[PDB]
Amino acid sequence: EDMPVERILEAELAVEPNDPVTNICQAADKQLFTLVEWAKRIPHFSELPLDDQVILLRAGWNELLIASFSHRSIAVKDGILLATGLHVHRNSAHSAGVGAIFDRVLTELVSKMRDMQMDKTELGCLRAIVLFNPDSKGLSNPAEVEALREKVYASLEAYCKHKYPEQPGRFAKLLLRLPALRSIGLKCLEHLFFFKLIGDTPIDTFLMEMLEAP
């Protein structure tokens, strides 16, 4: 109820028109501020208690950002396009020690998003589903978050089948990329925590705040 895909699509269009690792961390920090402005544009999100808004974002930021630069890199050859306008080629990532995780992003996300031609509306809805993670610990009202999530995928499915009537399995195919997103998210965080530990690799304030406890 009251979860039009048009509003979700608008949120996407509104926020987005030498060590590769350092470039990635700087881009993540920059995009974190934008993530907040994007979340605010997602229907009913801002109406949630401030505390729950913090929980949802702290719990989904990495997956939310990974989903965005991955879809943004669909046209890119063998690599990704950072929000800073910089390109990180698969070989550059490999020569920095993050080749394994980088390839997972290209194989499981980038490539797959390209094969099915995932559009911005679908992308936005998937990110909205991630944002509304009912499993996020601390939620003062998990049931409510679960309600918003069901409205998002209810609208997404309607979008599909209607825009792509010929593809009855598109809806499920879209949701079936969430497991990979969760796995890739978790691995990327592990790397970030190691970079922070080693001391090397410059980490900005907002990104550093996200690596805080819990």
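The numbering used is simple: start at 1 and walk along the sequence shown.
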Tell me whether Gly199 is absent from the model in at least one third of the other entries compared, counting only those where the residues either side are present.
no
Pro20 dropped from a third or more of the other entries of this protein
no
Unmodelled deposited residues between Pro17 and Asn18: none, 1 to 3, 4 to 9, or 10 or more?
10 or more
On average, are the C-alpha B-factors higher in 178-186 or in 42-50?
42-50
Between 163-171 and 56-64 (mean CA B-factor, as deposited), the higher:
163-171
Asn133, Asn141, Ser95, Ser111, ranked by C-alpha B-factor: the highest one:
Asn141
Ranked C-alpha temperature factor of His87 among modelled chain residues, by third
highest
Third of the chain's Cα B-factor distribution that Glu122 belongs to, per the entry:
middle
Sorting the chain's modelled residues by C-alpha B-factor, tell me whether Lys77 ends up in the lowest, middle or highest third.
highest
Thinking about Cα B factors across the chain, which third does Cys25 belong to?
lowest
Sort the modelled residues of this chain by their C-alpha B factor and say whether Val5 lands in the lowest, middle or highest third.
highest
